[PDB]
Structure formats: structure tokens, C-alpha cells
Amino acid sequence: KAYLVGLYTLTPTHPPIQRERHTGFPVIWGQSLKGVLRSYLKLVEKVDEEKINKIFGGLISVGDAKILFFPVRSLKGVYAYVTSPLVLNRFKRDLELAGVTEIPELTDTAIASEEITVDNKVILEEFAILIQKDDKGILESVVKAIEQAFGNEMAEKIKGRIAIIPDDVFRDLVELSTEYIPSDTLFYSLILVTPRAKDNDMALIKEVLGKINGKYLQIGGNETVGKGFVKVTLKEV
């Protein structure tokens, strides 16, 4: 049994940023995320401190939050949600691990919505990447996956502003575009239920974790100056 956590930053978020060593991608460590989830249920949702211990300590596993979509300045559409084959493939494989489409390799080309495309080009910051026709409906397939994983609300935000760009460009942008993770960044994370869990426990998990969906949490430093506020989604599989 698995739960899908979405983390959409509403303000610049600072989890020296926490980055994955061999990629350089920003990441929210599972240790940190588990902490804020624990604190939110104890303080805001008023869950009994007996139910919390029974679930966190454990009974579930809170994985590190990877990055799915990163907001980047765009010439047409003001900004686009950019991602990459590598990132998307990791997302598909993490869905497999949780129980739950072919995405090609891009080198110097991109696949983007027609709302951010101008003269067969998408202009991200200063990068001017050539688009290639979206055959076999890649974009429409990513949007559907976003809907399933995070809900209809998240899919509407992103739809119309998607751009799948080369892995190397995504890396460059994600490292050289602000310190703070920008607002309008979408993270995702797996919550896995341990095999040692009994049938009586699954009802507890579903009840307590269910409270998290659609709420607002604070992650990382600088809470007092409006940093690290995120909207969380949570769905079963």
C-alpha cells in the first residue's frame, strides 16, 4: 500500500540548499518531510498523540521529496513548468514502486504546450529551444498522470504551460535560477506502508493521512518572513 504526496510551493522555499549529489537536483529529505507532517497533525489537525506515535514512531515510510516541475521564466505565457525525460522517468519508476507511457530522449529539442511556444521555439530565460511536434500524445499523457497523482486542481495549473526539455538544460536551470526554491514548484514523495502493518492499522493510516490532503504546511527556514509555505496533496493508489 502506498500514498502519493504532492508538494506545491506557494512561497520561496529553503529546505546551502539540500541537493542530490550525482544530479544536483534540489530535494526535500524524507527525514525533514516526515517531521513537518508529524508537527502539522499534532498542532493543527489535532490528532491524538497516541495515533501519531503508532504511525510515525514505525508503520509508514516517508521518502525524500523529488522535484517534478520547476517554474522558469518564459517569453510566451510569462512562465512555464519545465521538466525532463530523466525527471519524468524517475516519476514513472517511483509510481511502479508504489504499485501504479513512453517518453523520448531530448538532446537539443523540447516538447511544450502551444501556449508557451512561439515560432516553433520555447524561450526559457535566455535559452531558445526548438520544439518538435508532439506525436503519440506525450503532453496529454503527462497531464492525465498529474491529474491521477495530484488531483484535477493541480493538472489545470500545469496544463498549457508544460515544457519537457533536455536533461542538461533542466539541470542548468534548476541550479542557476535561485538560495530559495521558487514558488510554483511541484515536488512529489512516496508514503509506503510497511509490510509488518496489520489490517487494523490500515484504517488508522488512511484516517490520519487523509487529513493531510489539500492542506497548507510550512517547510524549511524563514517561516517568519513568509518562506516555505506549501500546499500538500495526498492520494492512494
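One-based numbering along the sequence shown.
K.L.:
How big is the unmodelled gap, if any, between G220 and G221 relative to the deposited sequence? Choose none, 1 to 3, 4 to 9, or 10 or more.
P.N.:
In the deposited sequence, nothing is left without coordinates between these two.
K.L.:
Which fits the stretch between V100 and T101: none, 1 to 3, 4 to 9, or 10 or more deposited residues lacking coordinates?
P.N.:
The entry has a gap there, with 4 to 9 residues left out between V100 and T101.
K.L.:
Select between 194-202 and 22-30 the stretch whose C-alpha atoms have the higher average B-factor in the entry.
P.N.:
If you average the C-alpha B-factors of 194-202 and of 22-30, the larger mean comes out for 194-202.
K.L.:
Averaging the C-alpha B factors as listed in the entry, name the stretch that ends up higher: 70-78 or 111-119.
P.N.:
The stretch with the larger mean CA B-factor is 111-119.
K.L.:
In terms of CA temperature factor as recorded, identify the highest of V174, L41, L186, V62.
P.N.:
In the PDB entry, the greatest C-alpha B-factor among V174, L41, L186, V62 is found at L41.
K.L.:
Taking the C-alpha B-factors as the PDB entry records them, is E125 in the lowest, middle or highest third of its chain?
P.N.:
Its C-alpha B-factor, which the entry lists for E125, ranks in the highest third among residues of this chain.
K.L.:
Is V230 in the lowest, middle or highest third of its chain when residues are ranked by C-alpha B-factor?
P.N.:
For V230, whose C-alpha B-factor we compare with every modelled residue in the chain, the answer is the lowest third.
K.L.:
Taking the chain's C-alpha temperature factors as the reference, tell me which third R93 falls into: lowest, middle or highest.
P.N.:
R93: CA B-factor falls in the middle third of its chain.
K.L.:
Can you tell me whether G214 has a C-alpha B-factor in the lowest, middle or highest third compared with the other modelled residues of the same chain?
P.N.:
It falls in the middle third of the chain.
K.L.:
Lowest, middle or highest third: where is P166 by C-alpha B factor in its chain?
P.N.:
Its C-alpha B-factor belongs to the lowest third of this chain's values.
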